[PDB]
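Student: Mind looking over this structure? Questions follow.
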Amino acid sequence: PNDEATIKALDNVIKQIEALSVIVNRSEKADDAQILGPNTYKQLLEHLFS
Amino acid sequence: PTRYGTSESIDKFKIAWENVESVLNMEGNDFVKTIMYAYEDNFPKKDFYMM
Numbered sequence: 052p053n054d055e056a057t058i059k060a061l062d063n064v065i066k067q068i069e070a071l072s073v074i075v076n077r078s079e080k081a082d083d084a085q086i087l088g089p090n091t092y093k094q095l096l097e098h099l100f101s
Numbered sequence: 604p605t606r607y608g609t610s611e612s613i614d615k616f617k618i619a620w621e622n623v624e625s626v627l628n629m630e631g632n633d634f635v636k637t638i639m640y641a642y643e644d645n646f647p648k649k650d651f652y653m654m
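In order, the protein sequence lines correspond to chains B and A. Sequential numbering from 52 applies to the first sequence in PDB author numbering. Sequential numbering from 604 applies to the second sequence in PDB author numbering.
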């Protein structure tokens, strides 16, 4: 056996495992709530007589 | 022998085969590599790996 291929294979598999073990899962999504604004009731036309 | 032997799904073969085809690409292994890649249809990768 060529002892220099085993070392390279071990290094490669160790690098793969180390790379796979650093990935993090973090999400910073917003919320579905809607910001509300001010409003004023409007007046419908009316007629007054006595 | 404890896990991932015969029952392993075909999806796991990519990881296992990578080391073998990395070993086959070094100097001094060109005869076996050529014979293996030339006749993959008759002797597949899975039977070679099992052997």
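Beta carbons: idealized from backbone N, C-alpha and C, even for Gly.
Distance check for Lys93(B) and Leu87(B), CA to CA, integer angstroms please.
Tutor: 18 Å
Student: Compare the C-beta of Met629(A) against all C-beta atoms of chain B and say whether one is closer than 7 Å.
Tutor: yes
Student: Flag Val635(A) as yes if its beta-carbon sits less than 7 Å from any beta-carbon of chain B, otherwise no.
Tutor: no
Student: So what does DSSP say about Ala84(B), is it helix, strand or coil?
Tutor: coil
Student: Using the beta-carbon of each residue, which ones in chain A are nearer than 7 Å to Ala70(B)?
Tutor: Residues of chain A passing the Cβ test: none, with the nearest at roughly 13 Å.
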